[PDB]
Amino acid sequence: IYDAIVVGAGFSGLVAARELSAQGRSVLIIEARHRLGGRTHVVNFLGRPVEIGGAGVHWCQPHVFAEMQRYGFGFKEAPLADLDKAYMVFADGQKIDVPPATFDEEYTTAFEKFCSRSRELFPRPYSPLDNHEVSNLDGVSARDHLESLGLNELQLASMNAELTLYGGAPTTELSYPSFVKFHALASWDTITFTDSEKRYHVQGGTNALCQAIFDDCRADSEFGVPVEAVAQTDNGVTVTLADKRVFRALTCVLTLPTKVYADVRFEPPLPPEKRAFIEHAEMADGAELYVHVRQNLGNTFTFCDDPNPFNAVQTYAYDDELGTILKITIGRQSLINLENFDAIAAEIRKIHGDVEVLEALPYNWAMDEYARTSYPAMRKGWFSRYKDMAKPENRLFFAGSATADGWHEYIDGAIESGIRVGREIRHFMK
Ligand SMILES: Cc1cc2nc3c(=O)[nH]c(=O)nc-3n(C[C@H](O)[C@H](O)[C@H](O)COP(=O)(O)OP(=O)(O)OC[C@H]3O[C@@H](n4cnc5c(N)ncnc54)[C@H](O)[C@@H]3O)c2cc1C
Ligand SMILES: [Ca+2]
Ligand SMILES: [Ca+2]
């Protein structure tokens, strides 16, 4: 009979368990997978460890920065000054070669226009509903706003590619204010936000940081079998796995990805406001992909606008013997069959021309049954309902990026939610 069962060993569940353990409470962690990290994941590609889920971080993200400080992780610098070529692929398929300086000027000036109201709308962005106007703007799509700004062709296409990636969806579906909030969190500053999304990653890898947090937990651990049901009463909670084993505790922290709750039986059932959020709020259809090209392409970056499938194509490595390793982020995996190698290769040739594609490693996060969304992009009309999902239901408590006040599409939000849920249980037990 545990003080707390924590369901899920991604960043939010690990931080929750670390906080409760540090409070002297007894903790059981239950994880479906045989690994830590959740939607962060390190795998081998061509014998090199690569991040294939989330990994970009910045010190303007205070919760992940605090953990990096605690465990001694630094910021690894992406090779931006070394960038040789930048390309924009428009929605109609036309590709243009843009000097990086021009690309940065047009992109950042478009971003500033898109986010110009961030200080008005989000004076206290870690309390993002403080200005009630954001609840009424929730139903405006990112595309509705984008088209109101008088942007030029490159500004429009690059911003729409960015917003397609963040939404994991056509930009007609993304909540406009939910994205502007990230600008506000970055000190209402376009350079800081656009830096945050490209300049740094976790030195040593997200898996090592998860391991360090896990190693600080004094908890029992059960990996490899998913939770199938959760039942609570006035005196406790009982959690049943799909192999029919049963565990019991006074409280339960759920960190499941929002759409996965539909695969778990809750007794009593979750309230209507949570079931509505579970059905409608999330949508991100993302996947990640690494490709090996025989040719040495140098250090290139490509943005492709919707409905091109490869919204961002970054260069992980290049040299005259290796060729090139490309890191590709796909906002809408529905647009390409990632089991079809030659279809992947054809899209690489559309961008990079006369090249030979040798190997591909996709990770389809949307089709992963324990993820189902790549990151908690908020559908228009739903960003302002996130407290319906974050609030406790008696002995059940809820964490995960989607429940965060701040950086809700990020590792930082997952960590925030772990600190917060540890606080809620601290007081529930007082
Ligand atoms: C391709 C990609 C790019 C991204 N880029 C960035 C980025 O640059 N920077 C950034 O900060 N964030 C980024 N993100 C987002 C970030 O990775 C996630 O927001 C964050 O990792 C979510 O943490 P979490 O703890 O909320 O959820 P998760 O990590 O999903 O953890 C939930 C856990 O619950 C487990 N689980 C699911 N079902 C069950 C069940 N029935 N029983 C038991 N356990 C279960 C899952 O296995 C998982 O371990 C990216 C994500 C992806 C996929
Ligand atoms: Ca160079
Ligand atoms: Ca500003």
Side-chain angles (χ1 to χ4, degrees), residues 5-16 29-41 51-58 61 63-64 79-84 112 115-116 118-119 165-166 168 183-184 186-193 196-198 200-202 206 210 222-227 229-230 239 241-242 254-261 264 284 286-289 298-300 312 315 318 327-331 333 363-366 368 370-377 399-404 407-418:
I5 287 165
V6 178
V7 180
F11 271 99
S12 63
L14 285 176
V15 169
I29 301 163
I30 300 178
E31 168 56 52
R33 307 178 192 267
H34 280 90
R35 64 173 178 88
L36 310 173
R39 279 172 287 182
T40 69
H41 188 27
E51 300 276 6
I52 204 156
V57 294
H58 194 276
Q61 299 162 351
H63 309 93
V64 69
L80 291 173
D82 180 54
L83 184 66
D84 299 318
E112 176 70 29
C115 294
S116 71
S118 71
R119 177 56 182 258
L165 273 162
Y166 273 73
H183 188 267
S187 298
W188 314 274
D189 187 64
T190 294
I191 289 298
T192 298
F193 179 78
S196 77
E197 65 182 356
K198 69 182 175 181
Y200 308 98
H201 309 265
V202 178
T206 58
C210 284
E222 283 293 322
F223 285 89
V225 183
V227 168
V230 174
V239 180
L241 309 193
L254 302 145
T255 73
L256 308 170
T258 300
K259 287 185 173 309
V260 175
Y261 284 93
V264 177
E288 188 70 17
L289 167 68
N299 189 340
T300 72
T315 300
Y318 64 98
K327 176 182 184 287
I328 295 151
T329 308
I330 297 160
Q333 64 79 39
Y363 197 103
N364 193 330
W365 289 102
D368 176 336
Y370 299 139
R372 292 201 207 169
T373 57
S374 49
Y375 25 81
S401 287
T403 70
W407 299 83
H408 68 270
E409 288 192 51
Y410 296 76
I411 297 168
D412 184 89
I415 296 176
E416 175 205 325
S417 76

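If you read the sequence from its start, that first residue is 1, and numbering goes on from there. Each ligand, and each atom within it, is numbered from 1 in the order the structure gives.
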Taking only heavy atoms of [X] into account, list the atoms of ligand 1 that are under 4.0 Å away from them.
X: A414; answer: 23 (O), 24 (P), 25 (O), 26 (O)
X: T40; answer: 17 (O), 21 (O)
X: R33; answer: 46 (C), 47 (O)
X: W365; answer: 1 (C), 53 (C)
X: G400; answer: 26 (O)
X: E31; answer: 33 (C), 34 (O), 35 (C), 44 (N), 46 (C), 47 (O), 48 (C), 49 (O)
X: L256; answer: 36 (N), 37 (C), 38 (N), 39 (C), 40 (C), 45 (C)
X: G37; answer: 29 (O)

**Request:** Identify the heavy atoms of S401 and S417 that sit nearest to each other, and give their distance.
**Result:** N-OG, 4.4 Å

**Complete:** Of all heavy-atom pairs linking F193 and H183, the shortest is CD1-N, 4.3 Å

If we set the cut-off at 4.0 Å for heavy atoms, which region of [X] has an atom near ligand 1: side chain, backbone, both, or neither?
X: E197; answer: neither
X: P226; answer: both
X: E288; answer: side chain
X: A55; answer: backbone
X: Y375; answer: side chain

**Option whose closest heavy atom lies nearest to atom 41 (N) of ligand 1, chosen from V227, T329, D412** = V227

**Message:** As a check for students: among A402, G54, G13, identify the option with a heavy atom nearest to atom 50 (C) of ligand 1.
**Reply:** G54

**Message:** Heavy-atom contact check, 4.0 Å cutoff: does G53 meet ligand 1?
**Reply:** yes

**Asked** So which N/O/S atom does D84 have closest to the Ca ion (ligand 2)?
**Response** OD1

**Fill in**
Here the gap from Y166 atom OH to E197 atom CD, rounded to the nearest 0.5 Å, amounts to 4.0 Å

Would you check the N or O atoms of [X], main chain and side chain alike, for any that come under 3.5 Å of an N or O of ligand 1?
X: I411; result: yes
X: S12; result: yes
X: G56; result: yes
X: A32; result: yes

**Prompt:** Backbone or side chain, does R119 get an N/O/S atom under 3.0 Å to the Ca ion (ligand 3)?
**Reply:** no

**Prompt:** Any idea how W365 and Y363 line up, ring-wise: parallel (<30°), tilted (30 to 60°), or perpendicular (>60°)?
**Reply:** tilted

**Asked** So, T258 versus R372: side-chain donor-acceptor pair below 3.5 Å or not?
**Response** no

For [Y], does its backbone N or O pair with a side-chain atom of [X] as donor and acceptor, under 3.5 Å?
X: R39; Y: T373; answer: yes
X: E31; Y: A9; answer: yes
X: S374; Y: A287; answer: no
X: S12; Y: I415; answer: no
X: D84; Y: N299; answer: yes

